[PDB]
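For reference, the chain that follows is the form deposited in one PDB entry, supplied as C-alpha cells.
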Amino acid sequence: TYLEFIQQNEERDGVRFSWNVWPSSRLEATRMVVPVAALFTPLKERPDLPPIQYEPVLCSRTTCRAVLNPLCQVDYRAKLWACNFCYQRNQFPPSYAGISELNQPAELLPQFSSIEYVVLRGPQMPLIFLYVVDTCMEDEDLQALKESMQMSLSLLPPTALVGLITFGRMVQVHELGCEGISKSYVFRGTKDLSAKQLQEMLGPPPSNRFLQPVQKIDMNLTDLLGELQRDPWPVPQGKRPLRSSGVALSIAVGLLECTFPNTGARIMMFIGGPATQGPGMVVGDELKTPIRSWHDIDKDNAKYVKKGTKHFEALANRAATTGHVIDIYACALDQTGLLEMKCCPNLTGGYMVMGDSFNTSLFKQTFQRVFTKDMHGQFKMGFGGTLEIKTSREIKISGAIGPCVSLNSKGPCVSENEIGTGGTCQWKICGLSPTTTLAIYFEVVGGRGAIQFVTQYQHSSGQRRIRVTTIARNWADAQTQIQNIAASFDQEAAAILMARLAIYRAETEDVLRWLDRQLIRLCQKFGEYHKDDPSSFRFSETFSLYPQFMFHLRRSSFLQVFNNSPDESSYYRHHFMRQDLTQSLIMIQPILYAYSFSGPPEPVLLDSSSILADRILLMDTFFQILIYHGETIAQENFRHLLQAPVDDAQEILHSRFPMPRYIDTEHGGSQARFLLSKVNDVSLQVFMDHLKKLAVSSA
C-alpha cells in the first residue's frame, strides 16, 4: 500500500516526497508539473533508536565522503564496502575488524536508515541564554514577564551561561553577581555598535563577567529579575515610550559575537511594543500616527519599514553567521514590528511568539513549553546545526525553504536553477527542534536514486551529534514512466511543498497566477477527461484532494494578507515555513468536528452546510481552537455534549508549541466570524467548475 509506504517512511526517516518514483529520463524530468521535493524533519522523534557512540564511517573519496548506510554493498569476507554514491570501495576501520555477516553494524540494517551518532572528542561547551528585556510596558505585563523569566531560570542546566540585557530609552548590559552593588553598562539606544566596538567598551569552563554559569549566579539573577522596574523615563502626553529595540538586539548580537562565537546560544528578546527610536525604528513616538498596516505599505505610507527591515536583516545574518539563535516574544495590544524583525527568528531557528499581554495563560504557558524536556531531563532543542545533502550523480539540489542559511558550498550536487535559499549543498540551522521541517527541492539532470541527509548539531547535553538519514526511491520504468510516477504522488506533501513556493515568492515579491497554471497543468497531465467536456473530468484517488488543498491555500491568510495586520501575516507565515506535513495541512485546511446527541464526535466538511443549529463544532486552525454552539444549543446528557469538545480541546491545547488561542462562541456571537471565514474565485463548487472548464480545454 502506497499509503502505508508514505506513513512508515515519514515515521522512520522524517521525510515526505512529492513523488516517490522519479523521472528516469530527461524527457520526463523537465516535464514535471510539481518538482521532486521533500519535507525533511532532521530531528524527528521515534521509538527509542540506539545512539551510536562510535564515529560514523565515511567514504574514502575527497569529494564524496558519504556515510556508511544500508544501500552500501558490503563484502564481509574481504572487509570491504562499496560506496553507493561514488562506487568507491573502502576498507573497514580497525574497530570494525571483528565484523561479520552474522553480526553487523547498525548503520547497515535497513532499520537504521536514519541513525544518530555521538562524537566525543572536544570538551563540551555550556549552553548560553541571553535575556533581552523591554521595560516600556505596564506594570502588570512587566511583573508577569519577570515571573516567566524567573521560572525559566529554574529550568536551565547548571552549566549554562546566562546574561541579562534590559532596555527602554537606554540599553543596560548587566554584569551579574557583583557583591553589594549591582552594576550594568548603559548605552544610548540612539546609535548602533559593532561587535569590536562593544568589546572594547566592555573589556576549566569559560564564562564572562556578563555570562555566568547558572549554578553560581542563579540566586543573584532571580533577585535582579525580581527588582526590574519599568523604564524610568517619563512618557509625555500623547507620546509612545522611547523604546530602543533595534540597538538592544544589536548589542545582544555583538556581545555574544565577541564572547562565544560559533556555539549554541539563545538570544531571547521580550518585546512589549514597537521600536520607536534608533536603527530599526518601526513607528514614531507620536500616538497621533498609527502603526503601519498592509493598506499603508501598499500606498507607500510607511516610511520606517524598509529601513527598519534592513537593520534587523543585517542582525539576522550576523547572528546566523556566528551560529546564534534569536527568539522574539512580543505581547502588546498595538503592533510590535514583527514584519521588520521577522528575519531574525526566520533565518536562525528562533521562535516567534505573539500575544496581547505577558499577563495571560497564553504567553505564560507558551513560554514554558520552550523548556519542555524529554525522557532524560534535557531540552528538546539543538544548536548550530549543519545540514549537508549527498545526492546520486543524477540528482541536483535546487534549494531549500525553511529556517536555514546557506553555507555557500559549491559541488556537483548544486543545481543551476536555485529555489529559496539555494546554490549550496550545505545549510546552517542555528536552532532546531524535533519539529523543524525544511523543504528541499531537487532536480533530475535497475532503479533507485539516493539522497543522504547529514545533520551535525550541538545537543542540549553539550554532546556533538550527527544525524544521518539515507533514503532510496525507485527510478521510473521506461515502459511505464508516467504511470508509475502518477501512482507515487503524495498530494498532501506536494500541496505543502507548492504552498512553500507560493508563500516564499509572496514574502519576497501575481503569485496566484503561478499557483493556478500549475493546478491546471497537473489536471491535464494526470487527470481523466474528454477534450472540451468539463463533466468528463475525474481525478485518481491519488490526486483528488489536491484541488481542494489548492482552493483553501489560495484563500488562506498566507496569501490574502489584507484583513490581517502585517505582524500577524509574518507570524502566520513564520510557523507554516517550519511545521511538518500534518500541522501544515491543519493551517491551510482547518479540521472540523461536529458534536450532537445523534452520534459521537465526527469530522465534517469545511462548508456552510456543516453549521447546524443543534450541533456543537470544534474547529482546529493550527493557530486557534474554536468551539461553536448552534442557535439551539446556545442555551447529565446535555453536559456530556457541552463539554465533549472542551475535553478534546484540552488535549491538543497542550501538545502544540505555540499554544493556540481558545475561543468559546455561538450563533450571533461576534467571535463566530472566525468559523464563518474559514468555512465554505468564490466557493469550492464554482472553483471546481471553472477549473474543469480549463483542464478539458487548451493546454
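We call the rigid core whatever largest set of C-alpha positions still superposes within 1.5 Å between the two forms. In case it trips you up, residue 1 is the first one in the sequence shown, and so on.
Heads up, the form deposited in another entry isn't pictured, but that's what we're talking about next.
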From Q479, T289, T582, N262, residue displaced between this form and the one not shown - CA threshold 2 Å or more, rigid core: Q479
Return yes or no for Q365: a CA shift of at least 2 Å between this form and the one not shown, with the rigid core superposed? no
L407 C-alpha relocation of at least 2 Å between this form and the one not shown, rigid core basis: no
Once both forms sit on the same rigid core, is the C-alpha displacement of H552 at or above 2 Å between this form and the one not shown? no
One pair moves by 3 angstroms or more in that other deposited form: the C-alpha atoms of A478 and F537, which are closer
Between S670 and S569, do the C-alpha atoms lie closer or farther in that other deposited form than in the shown form, with a difference of 3 angstroms or more? farther
